2 protein chains.
Amino acid sequence: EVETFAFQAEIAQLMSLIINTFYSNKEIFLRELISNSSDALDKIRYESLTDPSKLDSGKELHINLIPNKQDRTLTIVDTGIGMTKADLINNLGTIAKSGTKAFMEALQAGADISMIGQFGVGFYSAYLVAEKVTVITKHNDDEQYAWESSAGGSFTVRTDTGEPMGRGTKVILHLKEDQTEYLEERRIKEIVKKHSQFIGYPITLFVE
Amino acid sequence: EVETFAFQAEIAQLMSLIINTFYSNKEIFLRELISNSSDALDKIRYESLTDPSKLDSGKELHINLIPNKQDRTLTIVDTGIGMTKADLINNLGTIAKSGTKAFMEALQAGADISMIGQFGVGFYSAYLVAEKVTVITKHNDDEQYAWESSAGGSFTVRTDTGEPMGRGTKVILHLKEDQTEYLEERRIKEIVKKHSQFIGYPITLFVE
Ligand SMILES: Cc1n[nH]c2cc(O)ccc12
Ligand SMILES: Cc1n[nH]c2cc(O)ccc12
């Protein structure tokens, strides 16, 4: 029922660099995850231009931000293209091996961590705040999967029989104990307004 | 042999806004076209991860910048995924209708033209310097096409029997008479170094 995989060596180093580098500007994780969602929404929209029935699984194109102080999770949900099982395994649809190379040679030439999305690996910036990330996903061409990792070199994949979601991707951030400021309405609002002001899909900040 | 099309009304307004607005920071056209090329190179690279024979049409992943003072053209060539005929017609592979909407509502809320790539329509920033743009393209799944437009509401598409290119996209900028600074080695170098410093594909600036 549960398959366990090793990260390729370069992605493992990336996750370790993100987890271990002292670096105060952690809030960028939210800009990078919203921009990933917006990329995935563009994709299903582009496809729908020539095949309308692609949107049979959900016509609404949006992003929701769901904080939960009980479980200490911040959840980012989008109704984008979603990912097939193969995509989840190939580093959540990214060119993460070459992306990490470029990001590392940029760090060598005086870039800082906030430029991580330039290299196609901004997803891994989740590990600035999250001790565990769970990705639930559904692409039209495949069934619903759950990916999970607490870093340390491996991730799991399983077919997900949780809440049927129609089409898209939920990123569930299980926050580090010292990072619960990102569950605060006010703090989330400020970040979105600061870094994601002109995203072309409605972003709804849920309240508790 | 030559088919002629009308731009959708929103893309037509976008091109007219770009052509007619007084706006001095024109050099951004090069950052936006290099970032489009880099997106297209990511795509063929991602595909090759699961199907290696996708790279049968060219294993090299690069970007070349070719100025020519005789014809007054600056050419951007990439060996990315390239575009099918359908893609050329659907606004060169972009979600240009909704992208223009978002870009326009951003201009209303105090964004400036340099943020155009945030909305998926940075290609049209070519019309800051070019009186005519010619796009030659070859995607693995289709034959080689030429798209052309001098704006004014229409574009052409034809199967291209010019120089067989293997796989990718050439954007040929026929520069406005007052914009030949972009044919200067020194000026091109400065722009690339300023705006495209950390692109993960080698960029070669050709010399004359
Ligand atoms: C990767 C990745 N991070 N966040 C995402 C959201 C998506 O909808 C698809 C992929 C990703
Ligand atoms: C659109 C567009 N502008 N420049 C490009 C280069 C490409 O390789 C593909 C698409 C575009």
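Chain A is the first sequence line, chain B the second, and so forth, proteins listed ahead of strands; every chain is numbered from 1. Every number for a ligand or one of its atoms is a count from 1 in the order of the listing.
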ask   = So between A/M83, A/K43, A/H139, whose heavy atom ends up nearest atom 10 (C) of ligand 1?
value = A/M83
ask   = When you look for heavy atoms under 4.0 Å from ligand 1, do you find them on the side chain of A/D78, its backbone, both, or neither?
value = side chain
message = So, using side-chain hydrogen bond (donor to acceptor under 3.5 Å, both in side chains) as the criterion, who are the partners of B/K189 when residues are at least two apart?
response = B/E185
key: B/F103/A/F198 aromatic ring centres below 6.0 Å   = no
query = If we only count N/O pairs under 3.5 Å, is A/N36 in contact with ligand 1?
reply = yes
message = Testing the 3.5 Å rule here: is there a donor-acceptor pair between the side chains of B/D87 and A/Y46?
response = yes
message = Under a 4.0 angstrom heavy-atom cut-off, which atoms of ligand 1 come close to A/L92?
response = 1 (C)
key: A/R45 side, atom CZ; A/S48 side, atom OG - distance, nearest 0.5 Å   = 7.5 Å
